[PDB]
Each structure stands twice: as structure tokens, then as C-alpha cells.
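J.: This structure is in C-alpha cells; I'll ask about it shortly.
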Amino acid sequence: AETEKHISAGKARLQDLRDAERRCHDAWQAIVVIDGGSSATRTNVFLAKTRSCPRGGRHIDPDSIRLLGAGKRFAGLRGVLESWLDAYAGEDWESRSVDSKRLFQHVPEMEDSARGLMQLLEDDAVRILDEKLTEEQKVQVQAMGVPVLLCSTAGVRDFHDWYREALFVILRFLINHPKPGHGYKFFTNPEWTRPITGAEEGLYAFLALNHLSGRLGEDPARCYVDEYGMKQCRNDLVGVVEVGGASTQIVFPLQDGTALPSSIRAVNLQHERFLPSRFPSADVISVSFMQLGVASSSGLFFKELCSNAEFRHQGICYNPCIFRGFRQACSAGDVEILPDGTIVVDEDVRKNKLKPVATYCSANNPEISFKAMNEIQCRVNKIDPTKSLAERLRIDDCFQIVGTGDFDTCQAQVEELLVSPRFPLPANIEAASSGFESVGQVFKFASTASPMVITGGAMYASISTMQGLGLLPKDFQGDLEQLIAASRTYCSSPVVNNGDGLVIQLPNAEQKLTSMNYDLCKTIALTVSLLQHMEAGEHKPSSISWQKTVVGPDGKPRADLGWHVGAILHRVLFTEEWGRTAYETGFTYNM
Amino acid sequence: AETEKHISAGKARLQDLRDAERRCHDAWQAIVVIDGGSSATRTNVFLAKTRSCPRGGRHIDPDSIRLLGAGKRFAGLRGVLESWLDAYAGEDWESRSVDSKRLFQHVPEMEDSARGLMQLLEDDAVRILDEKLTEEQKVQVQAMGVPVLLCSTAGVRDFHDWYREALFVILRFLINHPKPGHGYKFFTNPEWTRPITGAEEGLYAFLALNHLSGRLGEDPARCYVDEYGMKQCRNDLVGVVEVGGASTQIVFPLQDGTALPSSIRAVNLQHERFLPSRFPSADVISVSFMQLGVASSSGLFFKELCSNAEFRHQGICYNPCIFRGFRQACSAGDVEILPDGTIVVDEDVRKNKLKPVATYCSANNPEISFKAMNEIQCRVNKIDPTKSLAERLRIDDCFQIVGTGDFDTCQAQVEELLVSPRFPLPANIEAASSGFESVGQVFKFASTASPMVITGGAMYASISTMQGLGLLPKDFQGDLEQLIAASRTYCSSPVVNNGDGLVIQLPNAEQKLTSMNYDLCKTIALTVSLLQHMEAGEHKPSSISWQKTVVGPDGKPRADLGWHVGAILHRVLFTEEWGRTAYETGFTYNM
Amino acid sequence: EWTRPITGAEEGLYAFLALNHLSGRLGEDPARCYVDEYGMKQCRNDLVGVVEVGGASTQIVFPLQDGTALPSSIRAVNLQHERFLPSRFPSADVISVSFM
């Protein structure tokens, strides 16, 4: 009778072991993406759970990806390359003609320069892993191998010759040789670690948004039978708008009945190898505008507005997009606000809001001497390639830029000079891009009924601070009526010194004036403009929202929006290919 | 022009770093196969290279497979199951009823014995790995994971109910939990570690031999166009006969236009999943006879012979396969020659040459209950299941077996009793088996023209021993007249007890007599019979040879023939499945 | 491939298919899809068994029961592996005999 509980416990012990070799087991794995921006490069550490089953291999559960922590801001890749060329390529490689072949001599100094940055990013990630992982997770993360995807954006896109290509071979090498002591087996390869174009950044933000919000499940959302008796599976994907420092990207789903112009094309994510075949066909419009970045637009707006005699009375340029009370030297240099109230503008050409557009519109750039037309097209944007860097960056006859704080005019100018200029600067043609030259064209010719979300540091903050001010309702959903009324009140607030530094006197608050907010109404105008074009298209988005973080089923944050998790999903959703590259070849390839 | 060698120093560094991420890298990997035989369990350590390319997975180069070393002989699996059963099952459980349900009580005891055996096994592998690997190789082998395939052969086949299946679950659990100290990440799964049938053992031998001969390459050997204008690709594969302790396996390619009896079928290696589909279709004849094989043949022979009145006079049995001057007690027990030459016979049921067959032929076995007809075949081959185990192994009124050293009669009897009985022991029925019951049937109805190679310790010794005495040519290739000539002179030698404990007196030399060679002549008789059928069959093998090791034209030691390499190839040749199970899932699964 | 002699057992496997398809139990989609004790996605068909006793022979073909232990002399016939049913249909494990 007691020799009966011994039988049941023996039957159980056999069953546990049988059970253990039969079901899928899960392991934790870290994935780091290193963001190579213009001004800085910093690491982002992600955690996800892998799963493997007796027969079959190993996959990442995409639903399980969460942001563990972003790191400290370290030096930009541009700034690394620039230090190298300054020290070895001659004093004037930027002005004088470049002799590339003399540089091969100092590749160990570039490699040496890069080892400094890569060591710091490795250490920083290790700081975050150790910090945030449980004891349990750490030993598994160590065992699994940790993928690293280093993707550079705007800062490195301009570098001609072979330099950018050599830096990445160096970079990858440094990543493949982590220090053995900490035990995290970092590895990467030429597919993951690469420069990426603005339009890719856009497609990644698109995959990131739709997956984080559960629109891209394993199963489709609906599968009906169509008007010709055939099964159609569909996902209800959301469209995304992202205004970044260097460029604005817009990516959304195509309508069904929609006639594209010639020269314009819908990019199919499956075809361009951005999403696997087992998800329904995803056709999108996908733009990326270098003029429409926060920074690039500031320099463009300065050149275009202040060259108009309607705004340049008697040596002073009157900018409607800057708060009244703000006085500034007349260039697109880096604004800095001193502790006391002094406003200093940087004269360093590298530290300039027009620098990117101007080095593009250079005699140096082979994209200009390529076709005689793109010289004229950007001379019309008042950036003359035959004239020098200094002449390109400045407005003659201008002593000081003075803030006016007139939203209607600011909005008018932003509309006219940035959103839909009659002659926009060149559209970069590529697999990920649709072809459109600017926003006006997008919603005139290819508008969508799909829901829309707006993203970007300043986009989010400007609305949010208005909401906190009581100027926008707390359930704001994009009503232009309310947005324009709130924008008028906010942007007419004066800048005054009470003794505590420069502030913005709002009706019910004081907001510290920084170099990030002084012209903030330019992007509010840009919001207004953008909501107008969306309202006027044949098809209108079913709803609109502003987002930044996306929260988990548990109620706590999963990840931030943006290209980071898109870069992950691009590799990870391809189960068989990922299985091979991450686990089969993986970190052991480095031995 | 001076530091122009510094430019080429910098060029070369980049190309080297580029080279190092575009090229495939090789990593050393160990696989261990554990041979669970009827009398012992022995670990066998193997070393292979793996290759891994970017935009690809990781595969094993199957040519790089080398035998590193075989281990010590530990306890047979039968043994542990029999110790356990003796301790906890009913006294005389083999005589009595089962009532298996209460045995579950002592699962943790089964787990105790198994852990004892496997940790010896594990340690043994580690001993060999540490000793034979270079330090470079050792680091990679720790990193790669070490596949272990444990395959139980005979001696464990004839256990009923749950006992054997549970042992394997436990076996697997123990392998999947090695000691972290030595860093060899041993692991296994339900597909690798398992009991294998005779016919499988045979199919594995085929693969091993054929791959190690260089006849199973990635490309086919010939490609022609046949009478119907079809593109044909084929491999010129060799056939194998392995005669071992428990059984004898014959596996060879099916001849071009054979008509097989409706009771018999060709085994296709692709369909049954023993060879991948990219290899030319392998149609094969494959048999495993439990009646042949040295131990079981010697039992059955004794029973048939000493029941024939032509060989019995009074209480004496006259065996023509044993040397003149050899006298032993009349039974099938394990012969032992004590230090002074006294031939003594084991009376233990378990150490009995006839125990395996007698275990099969008992009212205990449900395979006998199954077919009221299978009870007849046991009775016909002189093993009545109505009788007890003791009655089954015995011959009444027989007391001494004396050798008559008469090869001609021996051959004749081996022919009549083992090679082609009129009423043979029941066939094995399974996917890997063609369905024949006897060797006579095989070459009468499915002869082949592809070359043949005989493998087996017993088989190799037969030829070798005579070659060492000058009875056969150093270059002997299977000539029948030469063989019988030598065979007569050898077996006709008297054995005399000198001061030296038992010796065979040949015309010009003296050979030691052992428990393993006193009836060698039976298996010489076996050889003669084998070739006789192979010469008499409609199709004739192009050549015939004897082999145990394959060496490689370059230098020496590659691997030993037998099923070990076939166990490996069966899993490893399937590149995409092997990548998932070895590299993606692998040992990380075990955490 | 079409015109050929067929064995009793085939005649039997054909009867199985006919009956099961005509009953509406062999559709393009599986009948049930559940998740078993090991967390694996399972899809199965609820197929019926047939006994046809004819002039020359008698055929019995039915689905193999969930946890049967078969004598080592006996084996289940899988319709996919032997190529009597395509792979997109839930695996059909069957007991199939023809007695002359």
C-alpha cells in the first residue's frame, strides 16, 4: 500500500525525463545594436528569448524582444574619420583635391583610432548586461552568443573614395574580437554591420512600429475570399512618420486602387528582402528627405528665408519661427546658450546646420559633376557648388537673426520653403525608396487610409509640452483647429531674462530656453503642415497618434520606436537564415 | 618612394581583414559513439573538421572524420538490466511471470546503476580527448559541443515491457548532464541515442565502408545516358559481409535487373532515410541473421550436431570443427582454458552460447504466443518452448564433446546447419531488412556483381592466422582451391598439452590454443561456404577482399570498419538537419 | 503508373481513401487542431475504417490507435510515406490487411 506511492513516484520520474527531451526549451539571448549617428555613436542592448524544439532548430520569439538599456554617448564615426584625414590626408583634404593612395600608409592609425571607440562600446554594453541581467539570464546570454548590429546613419553617408568601406572592415574586426574576461561572446558579420541609407532607417522604423503594436503576427489578421473567388490574406499595418536630426522618413501601406506616376514605385518588402514570404505581401510608399531633418532643415530655412528681402530689413533677418526676444549672429552655426544669457554662435564649419547640404553641393562630390543638372538644381536652392564652402554657408548683407515669434508666417514659410518647395533638392533613387521629391507629392499622388503615427524627439515633445501647458487637450488626436490655436499661443511667448537665465514666458509656466528649443515652432509648423497634407489627400488616415515608447502586455515598456528593433526584425524574422548565421556559423566562426 | 612599402603594408592588412570575413573557417569537432554490445559497453572518440561560410550554416566535412581512440570495456547494458532485475524482480523472474507494474518502485536504483556506468563512460571519453587532442584542437572542441550517439546492439533486444525504453531515457538524461569541470559539452537526443537492430548495424557498415573507400562522394562516380535517353547518375558501391559475435550482416547493391520473390524487397537508402536524396539512389539487399554470428552459430551448431546420431556414440559427441585432442563437457557454455590447459565449461545460464536463442524460444516471449506457427520453428530447430530454459540448452545423455579435426565434414555440416538449413530460424521483419532467412537464399535469388569485402574479427583472424603459418599467400584474394587446401592442413592438426598449456601442432609451427580459437575451423568453414555461394550465384562479385582498418593512401590510421562511422554518417550527411540539431538546438538546449 | 496490376492490400488502401473522402473526412483542411502535452501544434483527421469482404479477398484498413504497441513482425502503414496520400494531409497511420 505504501509500496504504491513508490510506484507512482517512479512513474513520475520516468515521465519528467521523457517530458524533458520532448518539449521545446527556451534560452535567453542578448542582441546589441550600435547606433552610429552624425554627432555620436552609442550602444543599445536588447534581450529576447530563443526557443528550440527536438526536431527543428532555434528561433527568436519576436514578441519577446525588449530594450534592456541604451548607453553613454561616444564619438561619432564621422568625427573619427575626420580626425584621421586631418592628421594624415593633408591640412586641406576638404578644400584641395584628395590623393587617396597616400593614405593606405596610416591604416593602423585608423584601426588604432577605431579600437579606442569599439573598446568603449564593448565595455559599455557589458556594463548594461551585468547591471540588468539576472544571475540566471547572464550564464545563458554568455552561452548563446550575442549578435551585434552596427548601423551608421547620416554622418558617414558623404565620405567618398574607399575610406568608409575600410572603416567598416576594421569595425567588424574589432567587434569579432571581444575581450575573453567578461564572457559575452559578441560577434557580427558584413550583413548586419553596414552603413544604412535614410530610406532603410525608414523601413526599419516601419517594421519596428507594426511589430511592437502586434500588426505583424505569425498569422495574418484576416483571410477573406475576393471578387474573383480566391483567398486573400491581409495585415492591417500602420504607417509611420519619423523626423530625425538628419532626415524625415515617411513609410506607409499602399491603397488598393491607386495609380502611381511613372518614375514612382511602391516598394514591396518581401521582394526587397525586408520581410519574409510567410507574411502577407507588403507594398509601401517609402520616402526619406535630407532637407526635412531637424538640423538640415534649420540650415536650409536660414539660407532660404534670410535671402528673401521681405525678411531681411536693414541688415537684420526676422525669423518668424524663433521666439521674440532672441537675438543671434547671422549664420547656420551651432547655437549655444551660456549660463548667464549670452548667445554664442559657432564658426567651425563642421559644426554648422548647412554643412551636410553644402558638402553634397560641392565640386568635390562626384554626384554633381556626374550630371550637369543636379548642379543647377541645388544652385537654385542657393548652395553654389562652384563657389567655396564659406560662401555657401553664409548670407551676405546679414548681421543678426532676430526672432519674431509669428506662427502664421513661420507656418507659411515652412510650408513654402521646406514642405513643398517648387524646386526641391534631389531625391535619392534606391531599392528602399519610392522616388518622390517631397511631402506635397506624396499625399497628392499616393495618400493612404491606413492609421498613422508620428515619431521623433521634437515631434513628440512639442505636442506633449503643449498638453502639459493646458494648450492642447489630453486626448489630442490631431485636430488642426486646436493645434493651430495652441501653436499661436505657445510661439508668441517672449524670451526674457529674469536673472536666472533666458526663459520662455508662457501664460502659466516658464520653460528654459536651450539650443534644442529656440526654434521649436519650425517643427510645430512642420507638424501643422504635415497634418494639412494628410487631410487634403483623396484618402485620409483613419486615425493619427504621436508615440515614442511602446508598452508591454505586462504594462511596462518593451522598447522605443525607431530603426533599432527594425534592424533586429530584418535579420530575425527570417528563421532559417538566422538559424544558420547566428547559431550555426555564429561566434565559433571567429575561432 | 621610400615608405612605398608602407602603402603596401596597409593595403595587405585591409585585404587580410577582408579575406577573413569572406572566407570559410574550419573548426575542430569531436563526436563520440558509444557501442552498447552484449558483453560490454565501450566509448569511441572521433574527430572531425567543421566548415562554416558566411551566408551559410555549418557542416561537417565527412572525409575529415578520424577515429581518435576506443575506450576501456565497461559493463554491458544487458548486465545492468539483469543486476537490477535480479535485485528487485521476482526470484527466477526469467522462469516466472512478469507483473512489471511494481518494478517502478526501483526506478531511482536503475538510475543509480546507469549513472555509475555513464560517468565511467564520460570520464573515459575525457581521458581520451585530453590525451589525443592538441591544445589548439581542445579549445575548439570544448566550444563546438560534442555529439554523442549511444547505440545499443544485441543483448538488449529481447527485453519486454517498459524496461529497455526507460533505461534509454535515463541514459540520455545522463549524457545530457556532463560534469562542468572538463568543459566537453557532451550531448545527445532521442534520435541519436537509441537501440539499433541487426539490419541497421548492417546498413551502417555499408555506409562506413563505402564512404571510407571514397565511393560515396558528393558527386556521383559515372553519369551516362541509357536506352530511353534518360540522364543517369550512379555510384559504384561495394558490398559488405560483417560476421560478428551476435549476428552476421550482408548488405550489397541490388543488381541491375534482379527479379525478387514477392516475399523479398530491396531496401532503398533514400526512402528509409539512411542516405540523403542528393546521393544517387542506393538500392540494396540487406540481411542480418541471428543464427550466424560466432556465438549464436556455435550454440545452434552444438544443438543440431549432438542430436544427430551420425556424430553420437554412447555419451560422446564427435565435432569435426574442433581440433583432434580437444575434449570438453557436452554443453554450449563458455569454454575457458585454465592456466594449466584444463578445458572447463561454464554452467551459468547467462554465459551460454545458446542463451540468446533459447530466450527467444520460450513461452515467456509473446512473439511465440503471437504466432502459433513460431512455436513450431523453435521446436524444429531443437529448442522447445514447452521445456524450461535448462532443458532447452541441454542434450540428454551427452557428456563429452571430442574434436575430430575433419574439415571436410565440418564444412558440410556448417553448410547443412547454418548456411542453408531447410527450416531456418525466423527472419527479421523491418524497414532495414530485405526479408531473406538464410545465406543460401541470398545468393541463389539476389546475387551481385559489385565487389565484396569480408569484415569481422573472426573472419580476419581465419585468413591472418594461416598467412602467419605460411599456409596461405600474403596476397590471398579468395581463391577456393588454395583455401580448402590450407584449411585441411590447419584443422587436421592435433592439439597436445605440453609444459605449455594447450598448443596446436602444425607441420612447421606451433599456435597457441585459446577459448577464442579452438573452434576457429567452424568460421573457416563459414568462409569456404560463403565464397562457394558467391561463385555459384548467377552474378559474381568482381573481386573479394578482407579488411578491418581503412588507412588512407596518405600516411596511415583513418578509422576502423564497422557500424561506428555509419552511425555518424547517418546523421551528418544530412547537412541542414545536422546544422539544426547539432548547432542550433545542440547543447544549449540542455540548459 | 495508372494502368497496372494492384495487390489485395492496395485494393484495400484504395477502399479506405474512397470511403474517407466520400464521407467528407478527407478535406483539404484537417478536422481538429489541438496542442498536446509537449506544447506541439497537432492537426488530425477523424477517419473511418473499412472492411471490404469481396469475392477473392477480405480487406480491413483502419486508423492505428493513439498508443498501440505492435509486434515486431507487424508494422503500421503510413499513407504519406508509401505515397498513397499527399503530405499536406494530416499523417495517416493505418492498419491494413488483405486475406486471400
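Coordinate-derived values only; no laboratory data. Cβ: placed from backbone, ideal geometry, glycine included. Neighbour counts: every protein chain shown.
J.: Using only C-alpha positions, report the orientation-averaged shadow area of the convex hull of the stretch A:492-569, nm², one decimal. Mind dumping the intermediate values first?
T.: Working: hull surface 37.6 nm².
That works out to 9.4 nm².
J.: Tell me, Kirkwood radius of the stretch A:394-514 from alpha-carbon pair distances, in Å? Could the numbers behind the result be given before it?
T.: Values: mean 1/r = 0.0565 Å⁻¹.
Answer for the stretch A:394-514: a Kirkwood hydrodynamic radius of 17.7 Å.
J.: On alpha-carbon atoms, Rg over Rh for the stretch A:227-323 using Kirkwood Rh? Present the calculation step by step, with values, prior to reporting the outcome.
T.: Values: Rg = 20.7 Å, Rh = 17.1 Å.
Value, to two decimals: 1.21.
J.: Can you list the residues, at least 5 places off or on another chain, whose amide H is less than 5 Å from the amide H of C:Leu47, using H built in the peptide plane?
T.: So C:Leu47 has HN proximity to no qualifying residue.
J.: Can you tell me the relative contact order of the stretch A:307-430? Whole percent, Cα pairs under 8 Å, sequence separation 6 or more. Display every interim value, and only then the final one.
T.: Numbers: 169 pairs, mean separation 46.5, N = 124.
Computed value for the stretch A:307-430: 38 percent relative contact order.
J.: Using amide H atoms built in the peptide plane, which far-off residues or other-chain residues are under 5 Å from B:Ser38 H to H?
T.: Under 5 Å from the amide H of B:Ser38: B:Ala154.
J.: Provide the net charge surrounding A:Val141, with neighbours chosen by a C-beta distance below 12 Å and charges set as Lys +1, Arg +1, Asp -1, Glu -1.
T.: Taking every Cβ under 12 Å from that of A:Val141, the sum is +1.
J.: Using every pair of alpha-carbon atoms in the protein assembly as shown, split the distances into 10 Å bins beginning at 0 and state the percent of pairs per bin, rounded to integers.
T.: 1, 7, 13, 16, 15, 12, 10, 9, 7, 5, 3, 1, 0, 0, 0
J.: Then there is this: Determine ³J(HN,Hα), in whole Hz, for all residues of the stretch B:27-33 in sequence, where each value follows from phi through the Karplus function 6.51 cos²θ - 1.76 cosθ + 1.60 and θ = phi - 60°; x replaces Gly and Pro.
T.: 10, 5, 9, 9, 10, 10, 10
J.: Follow-up question, since we're still on this one. May I ask you to compute the full-extension gain from B:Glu94 to B:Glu481, defined as 0.36 nm times their residue separation minus their alpha-carbon distance, rounded to one decimal in nm? Can you show the working numbers first?
T.: Numbers: separation 387, 0.36 × 387 = 139.32 nm, distance 4.79 nm.
Stretched out fully, the B:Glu94 to B:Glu481 stretch lengthens by 134.5 nm.
J.: Next question, about the same structure. On alpha-carbon atoms, Rg over Rh for the stretch A:83-196 using Kirkwood Rh? Could you put the intermediate results ahead of the total?
T.: Working: Rg = 17.1 Å, Rh = 16.0 Å.
Taking Rg over the Kirkwood Rh, I get 1.07.
J.: Could I have the simple spin-label model distance between B:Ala412 and B:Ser464, label points 7 Å from Cα toward Cβ, reported in nm to one decimal?
T.: 3.2 nm
J.: Once you charge only the Cβ atoms, +1 for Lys and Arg and -1 for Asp and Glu, what is the size of the charge dipole of the stretch B:146-239 about its Cα centre, to the nearest 20 debye? Working shown, then result.
T.: On the way: 10 positive and 11 negative charges, 85 e Å.
Taking the Cα centre of the stretch B:146-239 as origin, the dipole is about 400 debye.
J.: Hey, what did the stretch A:197-560 get for relative contact order, percent, Cα under 8 Å, at least 6 apart?
T.: On the way: 682 pairs, mean separation 72.3, N = 364.
In percent, rounded to a whole number, it is 20.
J.: Please turn the phi angles of the stretch B:350-360 into ³J(HN,Hα) values with the Karplus equation 6.51 cos²θ - 1.76 cosθ + 1.60 (θ = phi - 60°), one per residue in order, whole Hz, x for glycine and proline.
T.: Listing the rounded values in order: 5, 8, 10, 3, 9, 4, x, 4, 4, 5, 5 Hz.
J.: Just the Cα atoms of the stretch A:458-591: what Rg and Dmax do they give in Å?
T.: 21.6, 65
J.: Using Cα positions and a limit of under 19 Å, work out the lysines in reach of A:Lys540, with same-chain residues fewer than 8 apart set aside.
T.: Partners found: A:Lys444.
J.: Rounded to whole Å and ordered largest first, report the semi-axes of the equivalent ellipsoid of chain B derived from its Cα gyration tensor (root of 5λ). Present the calculation step by step, with values, prior to reporting the outcome.
T.: Details: eigenvalues 395, 183, 126 Å².
Working from the Cα gyration tensor, I get semi-axes of 44, 30, 25 Å.
J.: Quick one: if the Förster radius is 51 Å, what FRET efficiency do B:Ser263 and A:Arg278 give, using the C-beta to C-beta distance and rounding to 0.05?
T.: Step by step, r from the Cβ atoms, then E = 0.60.
J.: Per-residue HN-Hα couplings for the stretch A:147-153, Karplus 6.51 cos²θ - 1.76 cosθ + 1.60 at θ = phi - 60°, whole Hz, x for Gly and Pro?
T.: So the Karplus estimates, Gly and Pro as x, are x, 10, 10, 9, 10, 8, 9 Hz.
J.: Among the listed pairs A:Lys179/B:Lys49; A:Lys132/A:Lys556; B:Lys371/B:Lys522; A:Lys11/C:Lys41, which are separated by more than 21 Å between their Cα atoms?
T.: On the way: A:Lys179/B:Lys49 26 Å; A:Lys132/A:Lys556 15 Å; B:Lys371/B:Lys522 33 Å; A:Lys11/C:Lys41 26 Å.
Going by Cα-Cα distance, A:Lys179/B:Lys49; B:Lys371/B:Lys522; A:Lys11/C:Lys41 fall outside the 21 Å limit.
J.: Okay, next question. How many Cβ atoms of partner chains, on average, are near each residue of B:266-273 if near means within 10 Å of its Cβ?
T.: 1
J.: Return, for the Cα atoms of the stretch B:21-136, the radius of gyration and Dmax in Å, separated by a comma.
T.: Both quantities, over Cα of the stretch B:21-136: 20.6, 68 Å.
J.: Moving on to the next point. Please state the charge dipole magnitude for the protein assembly as shown, taken about the Cα centre, from unit charges on C-beta atoms (+1 on K and R, -1 on D and E), reported in debye and rounded to the nearest 20. Spell out each step's value before the answer.
T.: On the way: 130 positive and 158 negative charges, 76 e Å.
Here the size comes out at about 360 debye.
J.: Can you list the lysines whose alpha carbon sits under 19 Å from that of B:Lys355, skipping same-chain ones fewer than 8 residues off?
T.: Partners within reach: B:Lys303, B:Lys382, B:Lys387.
J.: Follow-up. Averaged over every viewing direction, what's the projected area of the C-alpha convex hull for the stretch A:379-447? Give it in nm², one decimal, please. Show your work: numbers first, answer last.
T.: Values: hull surface 29.0 nm².
Projected over every direction and averaged, the Cα hull of the stretch A:379-447 covers 7.2 nm².
J.: Please report the projected area of the stretch B:14-53's Cα convex hull averaged over all directions, in nm².
T.: Working: hull surface 12.4 nm².
Computed as one quarter of the Cα hull surface, the answer is 3.1 nm².
J.: Arranged from highest to lowest average of other beta-carbon atoms within 10 Å per residue, in what order do the peptides C:34-41, A:456-463 appear? Intermediate values should be presented prior to the final figure.
T.: Values: C:34-41: 10.4, A:456-463: 20.1.
Highest mean packing first, the order is A:456-463, C:34-41.
J.: Under the rule of -39500 (n - 2.57) per DSSP H run of 4 or more residues, summed and divided by the residues of chain B, what mean residue ellipticity at 222 nm is obtained, to the nearest 500 deg cm²/dmol? Each step should come with its number before you reach the end.
T.: Numbers: 18 runs with 197 residues, N = 591.
Rounded to the nearest 500, it is -10000 deg cm²/dmol.
J.: On the principal axes of its Cα set, how long, how wide and how thick is the stretch B:309-457? Give whole Å, largest value first.
T.: 49, 42, 31
J.: With contacts defined as alpha carbon pairs under 8 Å and 6 or more residues apart, what's the relative contact order of chain C in percent?
T.: Details: 140 pairs, mean separation 29.4, N = 100.
Computed value for chain C: 29 percent relative contact order.
J.: Summing +1 for each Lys or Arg and -1 for each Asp or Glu, what net charge is found among the other residues whose Cβ lies under 13 Å from the Cβ of A:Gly403? Write out the running numbers ahead of the final one.
T.: Working: positive: A:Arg324, A:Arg327, A:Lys522; negative: A:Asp406, A:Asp519.
Once positives and negatives cancel, what remains is +1.
J.: Is there a simple number for the mean count of other chain Cβ atoms within 10 Å of the Cβ of residues in A:574-582, and what is it? Don't jump to the answer; show the numbers that get you there.
T.: Working: counts 0, 0, 5, 3, 1, 7, 12, 5, 1.
Per residue, the average neighbour count from other chains is 4.
J.: Note down the magnitude of the dipole of the stretch A:197-560 about its Cα centre, charges +1 on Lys and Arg C-beta and -1 on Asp and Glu C-beta and zero elsewhere, to the nearest 20 debye.
T.: Numbers: 31 positive and 41 negative charges, 51 e Å.
Rounded to the nearest 20 debye, it is 240 debye.
J.: Within 10 Å of each Cβ in peptide B:6-18, how many partner chain Cβ atoms are there on average? Round it to a whole number, please.
T.: Numbers: counts 6, 7, 2, 4, 10, 4, 2, 8, 10, 1, 2, 8, 6.
For this peptide, the per-residue mean of nearby foreign Cβ atoms is 5.
J.: Which one, B:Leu269, B:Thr489, B:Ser247, is farthest towards the positive end of the dipole of the stretch B:197-560 when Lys and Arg carry +1 and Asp and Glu -1 on their Cβ?
T.: Towards the positive end, the residue furthest out is B:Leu269.
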